[PDB]
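So the structure is just underneath, and the comments pick up after that.
The values are calculated or read from the model by the stated rules, or taken from the named source; nothing here is a laboratory result. Methodologically, a virtual Cβ is constructed for each residue, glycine included, from the backbone with ideal geometry; neighbour enumeration extends over all protein chains shown.
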Amino acid sequence: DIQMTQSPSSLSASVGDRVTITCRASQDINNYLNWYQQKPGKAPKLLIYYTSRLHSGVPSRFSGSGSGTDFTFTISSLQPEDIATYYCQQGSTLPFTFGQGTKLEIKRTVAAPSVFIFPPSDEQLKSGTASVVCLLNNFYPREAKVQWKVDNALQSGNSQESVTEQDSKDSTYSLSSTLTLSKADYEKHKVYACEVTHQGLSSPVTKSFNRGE
Amino acid sequence: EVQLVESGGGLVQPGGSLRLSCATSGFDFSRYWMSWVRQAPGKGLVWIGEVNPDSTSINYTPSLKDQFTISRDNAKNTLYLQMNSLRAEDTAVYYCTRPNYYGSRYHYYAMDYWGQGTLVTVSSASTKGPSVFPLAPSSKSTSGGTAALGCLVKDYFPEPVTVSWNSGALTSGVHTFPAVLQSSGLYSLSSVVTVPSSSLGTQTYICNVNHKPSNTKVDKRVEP
């Protein structure tokens with residue numbers, strides 16, 4: 001097996017930057033080298049084949065060079081849509097092998113989240129459970145605090161968070177926080193709030209609702 | 001255009017077997033070599049093997065020759081992956097691919113098209129379909145001219161669930177969150193969309209939820 005090594009393994013750059021990734025093969029592979037892009041939550045896509053040849057519909061800003069054991073992949077000017085894991089692959093000897101991948105991240109300016117709160121649906125309440133959802137949309141950087149408040153008191157209970165990968169259009173993140181209660185516990189309280197802390201916010205933002213109205 | 005659609009993914013007990021299929025469209029399948037590649041969650045790409053047009057050459061990565069058998073049906077334009085005696089290390093997204101740009105008298109190619117993949121989970125747990133609940137847009141989910149709405153896909157196993165909005169006609173402002181493992185060992189996720197606030201009473205928003213491991217298909221209408 002030919003061992004394919006990529007360098008760097010991950011990198012962060014800004015929109016407009018020139019990006020260069022290197023691939024090393026454990027032995028000479030001539031020009032039998034391919035590059036693939038894997039955007040977050042998507043399947044890999046072919047970008048370059050035979051070291052420097054572009055596949056159909058691949059943006060002109062992507063290019064490849066090298067021979068033998070050393071290869072280079074270049075993005076001439078980084079675009080928000082280039083957030084992805086890049087993989088080189090040798091097609092010289094069986095088994096065909098891939099490099100470990102290079103995760104490309106985008107550095108951008110601070111963006112405050114837009115905060116939305118969702119009470120449990122009447123349909124879920126009928127099943128005996130109440131999930132309260134707090135959504136933090138399109139913020140940057142990733143660092144954010146979400147605090148549940150129930151009848152103004154801090155709620156230390158069954159809450160879980162989930163965060164998306166960087167958006168292919170604006171390089172932001174989105175986050176959800178879900179508080180889960182029994183229908184009986186949910187009906188014991190009136191005000192449900194989520195307090196959000198982010199560096200884009202001058203002071204912590206609270207979004208709330210009164211149960212029922 | 002070239003389309004590759006894998007199916008058969010889901011839960012397999014350790015030591016269990018499974019057959020994956022890859023149905024194709026948009027090309028003369030019988031003229032191409034076909035291949036399988038896998039990717040374990042948060043890991044890299046691993047080539048499993050390949051098969052030529054008339055199945056006289058079937059090559060595998062040596063360390064996986066025992067776990068996999070590749071075959072094809074040219075009349076049905078279908079590629080198959082027989083998975084045998086699966087281990088926990090075999091949990092991965094399995095992609096069918098189309099080799100192209102063939103070398104002249106040299107065994108070379110690049111995989112020009114890839115399917116969306118099928119997740120195979122190796123575990124002793126049982127399959128569970130999810131409940132789908134609306135996340136209704138309100139003034140509490142409205143920032144000026146922008147409103148947020150969504151769907152809460154609760155209590156399923158194994159992963160994954162796919163969500164699309166209005167049968168794929170709504171993609172802008174969509175965020176489908178990575179699934180979270182709950183205290184019960186069941187997964188849960190939400191899919192959200194930001195939309196014009198003025199379109200709320202007008203436009204219909206339906207989240208299309210698909211949990212292929214349990215063959216669960218749910219179209220939930222989300223109303224203000």
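Here segment A:169-188 is the region considered, the condition is being away from chain B (no Cβ under 13 Å) and assigned to a loop (DSSP other than H, G, I, E, B), and the residue that is nearest to A:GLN79 (Cα to Cα) is A:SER171. Among the criteria (1) of a type outside the set (D, E, K, R); (2) under 30 Å from A:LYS103 (Cα atoms); (3) under 14 Å from the mean Cα position of the chain (by Cα); (4) not in a loop (DSSP other than H, G, I, E, B), the one B:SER35 does not fulfil is (3). B:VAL192 passes every criterion in (1) within 12 Å of chain A (Cβ to nearest Cβ); (2) hydrophobic (A, V, I, L, M, F, W, C); (3) closer than 30 Å to B:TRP36 by Cα apart from (3).
Residue-level check: of (1) over 30 Å from B:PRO53 (Cα atoms); (2) without any contact (Cβ under 8 Å) to a residue 24 or more places away in the chain, B:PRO158 misses just (2).
Considering segment A:18-40, and only residues there that are surrounded by 15 or more Cβ atoms within 10 Å (Cβ to Cβ) and in a loop (DSSP other than H, G, I, E, B), the residue that is farthest from the other protein chains (Cβ to nearest Cβ) turns out to be A:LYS39.
For segment A:151-197, the tally of residues that are hydrophobic (A, V, I, L, M, F, W, C) and touching a residue at least 60 places away in the same chain (Cβ under 8 Å) stands at 4.
With respect to (1) outside any loop (DSSP other than H, G, I, E, B); (2) surrounded by 15 or more Cβ atoms within 10 Å (Cβ to Cβ), the lone exception for A:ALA43 is condition (1).
In segment B:51-82, of all residues being surrounded by fewer than 13 Cβ atoms within 10 Å (Cβ to Cβ) and over 28 Å from B:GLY15 (Cβ atoms), the one that is farthest from the other protein chains (Cβ to nearest Cβ) corresponds to B:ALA75. Residues in segment A:75-87 that are in a strand (DSSP E or B), closer than 13 Å to A:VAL58 by Cβ and out of contact with any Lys or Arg (no Cβ under 7 Å at 6 or more places or on another chain): A:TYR86 alone.
Looking at segment B:164-178 only, could you name the residues that are within 14 Å of chain A (Cβ to nearest Cβ) and among the aliphatic types (A, V, I, L, M)? The one that is within 14 Å of chain A (Cβ to nearest Cβ) and among the aliphatic types (A, V, I, L, M): B:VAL174. Has segment B:21-31 got at least one residue that is within 11 Å of chain A (Cβ to nearest Cβ) and assigned to a loop (DSSP other than H, G, I, E, B)? Within segment B:21-31, none of the residues are within 11 Å of chain A (Cβ to nearest Cβ) and assigned to a loop (DSSP other than H, G, I, E, B). For segment A:46-61, the set of residues classified as surrounded by 19 or more Cβ atoms within 10 Å (Cβ to Cβ), hydrophobic (A, V, I, L, M, F, W, C) and over 30 Å from B:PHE177 (Cβ atoms) consists of A:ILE48 only. Screening segment B:83-110 for residues that are under 18 Å from the mean Cα position of the chain (by Cα) and either more than 9 Å from chain A (Cβ to nearest Cβ) or of a type outside the set (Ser, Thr, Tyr) (or both) and picking the one that is surrounded by the most Cβ atoms within 10 Å (Cβ to Cβ) gives B:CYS96.
Checking A:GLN100, A:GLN166 one by one, the residue that is in the same structural domain as A:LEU46 (by CATH) and in a loop (DSSP other than H, G, I, E, B) is A:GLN100 and no other.
Here A:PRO59 fits the description: without any contact (Cβ under 8 Å) to a residue 24 or more places away in the chain and more than 28 Å from B:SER63 (Cα to Cα).
Take the residues in segment A:103-113 that are among the hydrophobic types (A, V, I, L, M, F, W, C) and outside any strand (DSSP E or B), then tell me which one is farthest from the other protein chains (Cβ to nearest Cβ). Result: A:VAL110.
Looking only at residues in segment A:114-162 that are over 25 Å from the mean Cα position of the chain (by Cα) and part of a strand (DSSP E or B), the one that is farthest from A:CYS194 (Cα to Cα) is A:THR129.
Just for segment A:189-213: of the residues that are outside any strand (DSSP E or B) and touching a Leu at 6+ places or on another chain (Cβ under 9 Å), which one is farthest from A:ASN138 (Cα to Cα)? Taking the candidates together, the pick is A:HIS189.
Looking across segment B:99-121, the residues that are part of a strand (DSSP E or B) and closer than 15 Å to A:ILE48 by Cα come down to B:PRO99, B:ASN100, B:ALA110, B:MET111, B:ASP112, B:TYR113, B:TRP114. Where the second residue is assigned to a helix (DSSP H, G or I) and surrounded by fewer than 22 Cβ atoms within 10 Å (Cβ to Cβ) and the first is at negative phi and lies in segment B:177-205, which pairs have Cβ atoms under 8 Å and are six or more apart or on separate chains? Sorted first by the residue in segment B:177-205, then by its partner, the pairs are B:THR204/B:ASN166; B:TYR205/B:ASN166. Condition test on A:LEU11, is it in contact with an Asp or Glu (Cβ under 8 Å, 6 or more places away or on another chain), more than 24 Å from B:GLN3 (Cα to Cα), part of a loop (DSSP other than H, G, I, E, B) and away from every other protein chain (no Cβ under 13 Å)? It is false that A:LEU11 is in contact with an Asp or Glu (Cβ under 8 Å, 6 or more places away or on another chain), more than 24 Å from B:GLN3 (Cα to Cα), part of a loop (DSSP other than H, G, I, E, B) and away from every other protein chain (no Cβ under 13 Å).
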